[PDB]
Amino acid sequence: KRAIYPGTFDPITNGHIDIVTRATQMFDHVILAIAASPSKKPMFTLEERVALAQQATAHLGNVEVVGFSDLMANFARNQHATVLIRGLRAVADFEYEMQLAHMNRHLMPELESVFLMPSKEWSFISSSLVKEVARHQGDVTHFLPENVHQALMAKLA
């Protein structure tokens, strides 16, 4: 049973770690797939994002961090994933998640979307807000693995 948990992870947060951890507890192998080139210039480069994610999940044995540049469904297919992990925060745009899951189902029906729920602690935080706050002199240490926190300070310095 191979699951894929895709995203930009720019950068990976405690919320993402929460979700991938839950995924590793119900599925044999989990591929944390990092989108290479997003429509908008990411704060960290793919190599940086992969390194940070690898370090943050080093303790999770059945987790494999990989980068990809094609349509997520095309990558999932070549990787033989049959489960698609989506994290649903309390502040998630549910309508958008439905659009996405149905489009992904159209593209690869053999890939089943599965939604996991983070702990209440990370249920109201989005990576976008974390970055905006950090870029504007706010403390976001609480939302990030220590390794990511250190990399973020260097990036904004």
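From 1 onward, residues are counted along the sequence shown. Between two forms, the rigid core is defined as the largest C-alpha subset superposing within 1.5 Å.
Where the structures in 9 other deposited structures of this protein are fitted on the rigid core, 129-137 is the one of 15-23 and 129-137 whose C-alphas sit farther from the shown form on average.
Across the superposed structures in 9 other deposited structures of this protein, aligned by the core, the stretch whose Cα atoms lie more distant on average is 85-93, chosen from 85-93 and 104-112. Comparing the deposited coordinates for 42-50 and 27-35, the stretch with the larger average C-alpha B-factor is 42-50. On average the C-alpha atoms of 55-63 have higher B-factors than those of the other stretch, with 55-63 and 115-123 being the two compared. Ranked within its chain, residue 128 lands in the highest third, by CA B factor from the PDB record. In the PDB entry, residue 10 places in the middle third of its chain by CA B-factor.
Remark: residue 104 belongs to the lowest third of its chain, ranked by C-alpha B-factor as recorded.
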